[PDB]
Amino acid sequence: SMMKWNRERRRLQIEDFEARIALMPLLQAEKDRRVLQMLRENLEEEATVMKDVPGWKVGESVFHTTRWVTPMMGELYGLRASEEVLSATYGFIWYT
Amino acid sequence: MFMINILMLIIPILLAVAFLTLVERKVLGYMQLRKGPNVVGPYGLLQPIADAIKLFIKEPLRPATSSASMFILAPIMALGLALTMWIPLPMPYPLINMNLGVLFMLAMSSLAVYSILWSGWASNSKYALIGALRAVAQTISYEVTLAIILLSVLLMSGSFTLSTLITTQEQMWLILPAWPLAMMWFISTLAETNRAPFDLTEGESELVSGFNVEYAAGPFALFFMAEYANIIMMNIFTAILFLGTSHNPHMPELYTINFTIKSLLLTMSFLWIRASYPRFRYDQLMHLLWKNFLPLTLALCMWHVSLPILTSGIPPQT
Amino acid sequence: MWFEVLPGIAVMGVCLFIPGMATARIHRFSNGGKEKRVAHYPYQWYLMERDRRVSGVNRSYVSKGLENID
Amino acid sequence: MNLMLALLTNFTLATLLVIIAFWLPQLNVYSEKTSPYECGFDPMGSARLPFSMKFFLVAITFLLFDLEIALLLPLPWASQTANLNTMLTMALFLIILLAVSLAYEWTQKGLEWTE
Amino acid sequence: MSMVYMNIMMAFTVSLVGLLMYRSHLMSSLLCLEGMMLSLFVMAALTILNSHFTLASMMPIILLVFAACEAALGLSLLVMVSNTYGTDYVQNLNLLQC
Amino acid sequence: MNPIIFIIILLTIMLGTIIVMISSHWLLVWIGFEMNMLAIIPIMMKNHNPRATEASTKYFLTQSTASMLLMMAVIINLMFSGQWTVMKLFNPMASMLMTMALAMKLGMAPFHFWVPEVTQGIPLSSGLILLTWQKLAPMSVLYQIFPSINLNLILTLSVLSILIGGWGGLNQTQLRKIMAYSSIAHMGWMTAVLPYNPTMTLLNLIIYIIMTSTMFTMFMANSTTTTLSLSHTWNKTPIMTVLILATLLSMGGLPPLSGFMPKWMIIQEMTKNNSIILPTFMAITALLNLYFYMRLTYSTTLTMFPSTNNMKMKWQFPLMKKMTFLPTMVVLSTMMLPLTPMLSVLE
Amino acid sequence: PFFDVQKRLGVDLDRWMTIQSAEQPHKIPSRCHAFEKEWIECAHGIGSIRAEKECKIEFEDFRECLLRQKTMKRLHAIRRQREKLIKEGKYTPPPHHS
Amino acid sequence: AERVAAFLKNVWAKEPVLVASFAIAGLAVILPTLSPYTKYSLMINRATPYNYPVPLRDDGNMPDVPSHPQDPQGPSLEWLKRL
Amino acid sequence: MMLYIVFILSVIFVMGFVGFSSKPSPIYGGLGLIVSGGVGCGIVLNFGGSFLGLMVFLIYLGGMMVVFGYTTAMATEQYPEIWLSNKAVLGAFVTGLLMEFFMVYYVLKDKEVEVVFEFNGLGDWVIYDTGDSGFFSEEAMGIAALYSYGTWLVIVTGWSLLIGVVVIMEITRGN
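Chains as they are written, first to last, in PDB author numbering: chain Z, 48 to 143; chain H, 1 to 318; chain a, 1 to 70; chain A, 1 to 115; chain K, 1 to 98; chain N, 1 to 347; chain e, 1 to 98; chain b, 1 to 83; chain J, 1 to 175.
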């Protein structure tokens, strides 16, 4: 009984993972827009905040390479409220 | 709304513990041709309240030459862990839904041994320390079989989520393909809870004083409540683990009624067993573990690692 | 007689029934009549957080169907 | 947050019951009242409980079996791999090696209490 | 680095100094020895989990397994010392080089 | 113990050292040290006496403290490099932690106090493993991380080891404590040449192991552990006294004996690097080693100490001890100088 | 490896957990996979002496991804000036930063 | 054999727990090497999609790779539905 | 204020270490090490390691540390035992706490402190990964690889544990 029921559960899991693969292109596409939008929302505020400091280059990278480097949590939410940062940092870990 | 849920889980646990003492005294009484409490309130329904008030208005003695800090910590540690082992249980929805719930219940039950060790250590009583070392030796020894047996069953379930055991047993109870593990799990819970015939701690006739000997009044009550909250929790675990209940998302209360009746029957089996058999010697319940169960449990652990593979019946991961 | 133990068993049974009834009814109360979403893996969290931002309100149990599409 | 709140409410209730279990009752303590129970007779000797070797071995034996259990816990997740032959060989290696340890203690009189 | 790494590395240094300054109890020195493993376990997991070094997630377990085994060895010697002099005091271990 | 268990434990000592050598992962190197420490305690606690238990607690406490320091180096290396490969360390702090951890395992000054006392409490057979075999695993790691070791740290530990080893041995009458301080002194030479030519580290290690193994075996043959106990050997096995003289002279570095080969080669490599003061100091200071080696020769070979009457009964029984490889080793430790250019095999 | 038995016998004992960029289960990448892939390729076969000089740029980026030292200093600079103009009131948070 | 009919019956009368332990342990090691269904265990594990099936760039000479998921080319899980 | 849970746990982690590192009587050294072991599980959980965090509670606390207290109770006896331990522990605690206070003070004020290494006071959350959409736990998937990738580790790790049983019986047999 367990053998047949477990094999059915594997067929169900494949069905649930197929649904994920059907949506990953859409979720991936809108993640990139969200991430790039938040970086430009920090580049603009960087220009206004850092304008009298001498030698500052707004949007200067910290890497020698020009390759795209995935930002860390700090770069994205550098200028944002605590509530929207806690969920983006400890939202999953603390969810029951 | 969550803080209300915690109270809806904590208060009824203590009440169930309160009336489990009445049920034990009456079930054993009838198995002994007696009646049991039937004077304090109709059918003894007020006996638990009389005992609770009695204990907490009684003198809380602690010997002067005894570590106060560890003397007080043990009842706190014992009762705090007893209630903590209830938050991940699905009934059918758990208060706190953990991805590793089965593994969280092993960890919490492995800290409860400290309450026994601290109880007899902070008493400066030679007899009390003897009980603690024996009680600790018994407790940790039978944890080995709990962990290995539990791992063996989870090789048919797929994960450590307590709610996935409900999905595993949707077609059939796990007791049918795992009755050898159910037999050894049930007795391992009797010895883990220090119940008969594994209760030499309470067996003063054995010339041994229990670690809960130098405790009176309320602090004795806290040790008692934790012990009886573990009996119910272990039997709740023994039901969710080997006697699965079908979960209908639209009528959750149907699950809870059946799941509660199974919990009571397994919890009333402890009273039944306590009334029928003599005690083990301390060395006989160590051989029962190190020479009978563990050789068999390791054999069955191997079988349940390869049985899902040779039958092509490996459970999912998610 | 033996049926004088049932009154004590009944009280114990009712006490053990409340924890599962309270949790089941409370979750539906706090989640718009549905089960509380379960998220054991980051993919489920991403969708749950997506539903919180695809709701106008800052709640994940408010589901917007085709009526919200263009 | 929910878990950190559940643990706090569990131990606060336990702590509250102890403080009201110590400060509510009427107390009157004298020298014989606050002595260890013993068994009704005066204590024999002024030394603590002597050490027992058999109790140390069982505790150590539990630890070494407990550690090997720490390696067997991830079996449910390991049986999801494509290399089942290697996983099955390694899982049965640990359990057998865990059984060989049990046999060694058994035959060398490690499990006996008949000092 | 990060604020957390300061305290974890600060916790290792505290236990190393504790392990190098014996008071009288050999048991107390072993506790500081097992405090050093705990900080190593936390530091190892922090680096591994943060960097998503997937195959290194088993190293902290291996570190924990062997350290516990050497903890068992340490207690065995501590026990045998007690049976000789009746106490785990370290000032009784001065027969050699004296 | 049971003979089969004794074999199992010995293979675990060897297995641990081999794992440290064939490994490419810092975790496996740490595991080999832990496995090595596990299997060595039972052979030290085999006679079951108070002194042996003390020699094990002191050995356990030092090595365990060294394993943790060696572990903190590995993790600090992981944080700054992100890999576990056994090569140079990518952070100065890890280098200092690992160098000292390996200095504690080897027993180099000022982390040297445990070597004399541990070797005195444990039987002769275990002392041979303690002073010869246990040196291999730490030397393998130093051989691989040497282009990350602070040059002043390793050289400072080398000079102090020669001084402490030479000075400490002058005031000894116990054979197990003379070999302990001698071991400290030779560790200085091996580490002093490590930054310049690591091949000479292996050469001095090989010759040291051969010479030390010859000494312990000849002490075990007559079951001698004190200077006076060894001074009776002329009246039981006179040949064994000549071999001790030949080996003790070699360990002193006196030509034409083999023990001069490593001292000779190290002085060459250090001189090539325009280092003249340090080799001269090391060479001159090594005369302290020769002095307390010479005293044993006076009391063993070159003079006849007072015997005892009961010795008249030992002449009737032969030597039944194994004395394994002793004919071979005592020839490698005394008659190999002409084969000096064979050291290139170690490259 | 002191004794390169693994290379002689063509056996992989512990080389699989040496670096982050190797084959991980389920093809899970690490945070700094790309940077390590550039530093290992730059320094391959040129010995460590040339690597410390002729691959310094690659190892600078890879170190930055591991510890984020230069990224946090810049963010610290942003949060200093930004907080400076909160009492010397000239800057106000935008609606999407609240 | 008598040592087979006397050793087996003697232990079965004095150590029944151990006899069952070695029987169950023995079957764990042996049956997987003989069971016909062990090969289906690997294929189900290898047919469960955890990662995204990253597409290939069609160079024009890959007739074995489907262009659309519903095309009749590529792996088929028909063996699993029957199973 | 809750966004600094890891740093707050790390402070309690250090203070617990100053508890048993000052070496009070072995009874309260274990209590200090138990408390810091639990907080150590708190830090690991908040970085996404649940199996590793739980393994601390199950093995380090319910295992190794239970044996320490078990042995301490019977293999050790208490002589004038108290935190008031001949002024060596009292002055060890203040030095440890005072050292921690200044370090925390200069990291929460200057947001940076240079002691051996360079430390940053922005917050432990600033280094976390942005996120993924994965249907599995990476830490769990990396430990289940022990039986697929780490055959060598299992062989030596299993052998060491087996020998540890053999070694301990020899040491403690006494003859």
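Note that CB positions come from ideal geometry on N, CA and C, so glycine has one too.
Through-space distance from residue j to residue i, alpha-carbon basis
i      : j      : result
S125/N : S213/N : 10 angstroms
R50/a  : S129/Z : 19 angstroms
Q317/H : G158/H : 5 angstroms
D14/e  : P1/e   : 11 angstroms
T267/H : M8/H   : 21 angstroms
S15/K  : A67/K  : 15 angstroms
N273/N : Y196/N : 8 angstroms
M183/H : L16/A  : 39 angstroms
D64/b  : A69/Z  : 22 angstroms
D51/H  : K26/H  : 15 angstroms
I31/N  : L98/A  : 19 angstroms
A299/H : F12/K  : 42 angstroms
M79/N  : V11/e  : 28 angstroms
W290/H : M64/J  : 20 angstroms
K70/e  : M4/A   : 35 angstroms
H96/e  : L86/Z  : 13 angstroms
Under 7 angstroms between C-beta atoms of residue i and residue j
i      : j      : result
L161/J : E68/A  : yes
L106/N : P138/N : yes
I122/N : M44/N  : yes
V107/J : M3/K   : yes
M119/Z : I127/J : yes
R57/Z  : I24/b  : no
Nearest neighbour of residue i, chosen from the options [CA to CA]
i             : options                          : result
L58/J         : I140/H, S123/H and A74/H         : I140/H
residue 349/N : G82/N, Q83/N and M304/N          : This structure does not reach residue 349/N, given that chain N is present from 1 up to 347, and the question cannot be answered.
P92/H         : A299/H, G131/H, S163/H and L33/H : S163/H
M37/N         : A180/N, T62/N and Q316/N         : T62/N
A109/N        : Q120/N, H232/N, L163/N and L78/N : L163/N
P75/H         : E214/H, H287/H and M233/H        : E214/H
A39/a         : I96/H, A82/H and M1/H            : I96/H
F6/N          : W84/N, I40/N, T17/N and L302/N   : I40/N
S46/A         : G123/J, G142/J and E77/J         : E77/J
residue 322/H : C301/H, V305/H and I309/H        : Look at the range of chain H in this structure, 1 to 318, and you will see that residue 322/H is not part of it.
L200/H        : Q284/H, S69/H and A239/H         : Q284/H
beta-carbon residue i near the ligand NAD non-hydrogen atom, thresh 6 angstroms
i      : result
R134/H : As far as ligands go, the structure on display features none, and thus does not contain the ligand NAD.
Identify every run of the beta strand (DSSP E) within the region 52-136 of chain Z, keeping only runs that are complete inside it and at least 3 residues long; order them along the chain.
none
Would you be able to state if there are at least three C-beta pairs under 8 angstroms between the region 18-36 of chain a and the region 82-95 of chain Z?
no
Please determine if the region 76-88 of chain e and the region 43-61 of chain e are in contact, where contact requires at least 3 C-beta pairs separated by less than 8 angstroms.
no
At least 3 beta-carbon pairs within less than 8 angstroms: the region 311-328 of chain N vs the region 198-218 of chain N
yes
Within the region 126-213 of chain N, ranges of the alpha helix (DSSP H) (whole runs, at least 4 residues)
136-145, 151-170 and 175-192
Please confirm if the region 73-81 of chain K is in contact with the region 17-30 of chain K, defined as three or more CB-CB distances below 8 angstroms between the two stretches.
yes
Can you list the alpha helix (DSSP H) stretches of 4 or more residues lying completely in the region 158-226 of chain H, in chain order?
164-168 and 179-192
Touch check for the region 66-81 of chain A and the region 49-69 of chain K: three-plus C-beta pairs under 8 angstroms?
yes
Three or more C-beta pairs closer than 8 angstroms, one from the region 129-141 of chain Z and one from the region 73-88 of chain H: is that the case here?
no
Report yes or no: do the region 111-122 of chain H and the region 61-79 of chain H share at least 3 C-beta pairs separated by less than 8 angstroms?
yes
If contact is defined by three or more beta carbon pairs under 8 angstroms, each pair taking one atom from either stretch, is the region 94-108 of chain A in contact with the region 152-161 of chain J?
yes
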